[PDB]
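Chains as they are written, first to last, in UniProt numbering: chain L, 51 to 150; chain R, 33 to 445; chain A, 400 to 445; chain U, 300 to 349.
For reference, the structure is listed below as structure tokens.
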Amino acid sequence: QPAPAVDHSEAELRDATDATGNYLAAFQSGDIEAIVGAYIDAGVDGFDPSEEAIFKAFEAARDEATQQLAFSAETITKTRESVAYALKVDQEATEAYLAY
Amino acid sequence: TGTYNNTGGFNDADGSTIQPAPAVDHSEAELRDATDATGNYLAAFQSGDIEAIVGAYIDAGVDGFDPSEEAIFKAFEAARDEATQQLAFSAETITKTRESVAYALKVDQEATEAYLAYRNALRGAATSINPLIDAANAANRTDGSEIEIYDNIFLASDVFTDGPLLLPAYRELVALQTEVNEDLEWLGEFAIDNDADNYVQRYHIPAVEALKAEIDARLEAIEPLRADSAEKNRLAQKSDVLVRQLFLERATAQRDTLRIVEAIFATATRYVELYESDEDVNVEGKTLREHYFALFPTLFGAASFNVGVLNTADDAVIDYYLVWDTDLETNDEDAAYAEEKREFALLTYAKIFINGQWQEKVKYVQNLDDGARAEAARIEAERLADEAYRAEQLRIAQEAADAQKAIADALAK
Amino acid sequence: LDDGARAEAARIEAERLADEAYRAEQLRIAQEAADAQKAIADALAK
Amino acid sequence: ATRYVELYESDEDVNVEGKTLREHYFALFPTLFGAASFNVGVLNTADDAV
């Protein structure tokens, strides 16, 4: 993926990264109870113990993880463009200072 | 597609497909009876004694005991069919219990909504009434003997609490209305103006009339909400959701045990059936009938674990049918149902990775079986097809050659 | 392993259907050709 | 986990290498539970640095 020098503010980077870091708090904690409580849906008020509902819940969790991965993919390009702009600006600044 | 052996995925004959659960009231006595109708079947199996098991689940037969293998096979087949039917019934028990739970949740949800609405109406009436009471009290010049000094409403039952009692407040409001109507009539007397120390002025009557009008306007709107709150709070007291959750857990454990019971009976039936049979092919350096015999040691531990779970599931229901710690502080609470549902869901999730250990072995042996049985037909089918094709080809070629000889003889003439 | 098994459990069916269609077409063509030969036989024998 | 649950009593659960297809999926968890531990150990420092 290309990375043109486009200024994305560091606050934007922090917000976009924290939007994903909240998803991983339960996983990073390591407790299985927290994981099953957060990433798995309980379902209907009457808990169905059949395997089909379990399969559906796991499929939904997998789809949610896939979408989160898709967003974390674009976060990389955003940050790379920000870095390129941050390099270009002070390169030009130091060139001008040397000339003066 | 559904049988004791199937290749169609999830089956409703075992309790694995999806089923709706509308809020329908099935009484807890019905749950207890339907669960005990199955728990009697498992007493011999849960005891663990082999003699009791063979005495209960296996039929002796004719008075003259036939020791031939065919009678043994028939008895095992009958036991397997009985276990299959018991599993089919334990399947529907689950849906019954789930519907009962849904109804038990709906009723007290509505009850607590009505209670909140009625309490809010009472709070609004309390907010609206007091300033007029103070205004009417300020404009009194009598001695205070017959027309007494009013007191602030709800002196004992604090309505501003979240969950207080609400009947004494209504009775106090009714008593205040009665007192106002009583004291209003003495304002129409002719000798009430006794002396300077006690008499009436011009502005007392309008204040009393305004207070009475406000009370009469508030009660007319208060009444239906009180009626609905009482009616809905009485109905929600006739159903508990915790015992239904316990029954659901017990029935799930019963179905889990019935699964392995049916598996054991089917394994024994198939092992007995393959005695000196043409279909007893040899694979993986062993005979097909040998493979079935190795399943028992793992089943005898998986069933032990399932029975250990079912024993606690059974003991829980008997000790907590109607006693405290099953009904709680107030008519509607989800702080206890949520925790039990979480624990039950966690246990259900955890157990799906344990029964699969023996399920996969059973599937492996069964797969070997039907693979051999189905593969020992395609050679015959293809042989018949090839023979028919060759015969038809030869017949067509011969008749074409005859036709060529026919035209030869015809135009040669 | 998974997709190999899943994809391999279709080629036998595909080839069986293709072979059955090929054999049926071959037999039909042979039979109609034999009928045409009988037709010319009856025609020029008349 | 989804695929392991899906293959319950299924027609596509063929047997290979002396084991069932559903059995093969179950053996992946012990290695993932260590690889994810390493990745989480890296991510913890990556988060604390910012």
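Just so you know, even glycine gets a beta-carbon here, dropped at the ideal spot from N, CA and C.
In this structure, DSSP gives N343/R a helical state, which the three-state scheme calls helix. For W356/R, DSSP records a beta bridge to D359/R. Cβ proximity to chain L below 9 Å picks out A335, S336, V339, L342 from the stretch 316-342 of chain U. Counted as a single uninterrupted DSSP element, the alpha helix (DSSP H) harbouring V133/L occupies residues 101-149.
Between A115/R and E316/R, the C-beta spacing is not below 7 Å. Across the stretch 301-316 of chain U, CB contacts with chain L closer than 7 Å involve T301, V304, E305, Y307, in sequence order along the chain. For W390/R, the enclosing alpha helix (DSSP H) starts and ends at 387-444.
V94/R is classed as exposed because its beta carbon has fewer than 16 other beta carbons within 10 Å across all chains shown.
For a Cβ distance threshold of 8 Å, residue set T301 of chain U lies close to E109/L, ordered along the chain. As a beta-bridge residue in DSSP terms, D227/R pairs with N230/R. Where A300/U is concerned, there is no enclosing alpha helix (DSSP H), because DSSP gives it neither an H nor an E. Between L320/U and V313/U, the CB-CB gap stays under 7 Å. Beta-bridge partners assigned by DSSP to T319/R: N314/R.
Within chain U, no C-beta atom comes nearer than 9 Å to that of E83/R; the closest sits roughly 33 Å away.
The stretch 50-57 of chain R and the stretch 87-102 of chain L touch, with no fewer than 3 CB-CB distances between them shorter than 8 Å. When only Cα atoms are considered, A435/R and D418/A end up about 29 Å apart. The beta carbon of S132/L sits closer than 6 Å to those of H58, all from its chain and outside the five residues before and after it, given in chain order.
Taking CB atoms only, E392/R has a neighbour in chain U less than 7 Å away.
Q78/L reaches chain U at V339, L342, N343, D346, counting residues in chain order whose Cβ is nearer than 9 Å.
Spatial neighbours of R427/R in its own chain (CB-CB distance under 6 Å, excluding positions within 5 residues in sequence) are not present.
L63/L: member of the alpha helix (DSSP H) spanning 60-71, first to last residue. At a cut-off of 7 Å between beta-carbon atoms, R112/L makes contact with chain U. A direct Cα-to-Cα measurement between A432/R and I439/A gives close to 12 Å. A straight-line Cα-Cα distance of about 12 Å links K138/R and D366/R. By the rule that beta-carbons nearer than 7 Å mark a contact, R415/A does not touch chain R.
By the neighbour-count definition (other C-beta atoms within 10 Å, threshold 16), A136/R is a buried residue. Using a Cβ-Cβ distance cut-off of 8 Å, the stretch 276-291 of chain R and the stretch 67-74 of chain R are in contact, since at least three pairs of beta carbons, one from each stretch, lie closer than that value. Per the C-alpha coordinates, the member of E414/R, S309/R, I82/R, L274/R positioned closest to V355/R is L274/R. For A75/L, the enclosing alpha helix (DSSP H) covers residues 75-79. Along the stretch 95-106 of chain L, going in chain order, the ones with a CB nearer than 7 Å to a CB of chain U are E101, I104, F105. With contacts defined by Cβ atoms closer than 7 Å, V232/R and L216/R do not form a contacting pair. A Cβ-Cβ distance of about 7 Å is found for the pair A334/R and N387/R, placing them in contact under the 8 Å criterion. Considering only beta carbons, the part of the stretch 400-426 of chain A lying closer than 7 Å to chain U consists of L400, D401, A404, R405, in chain order.
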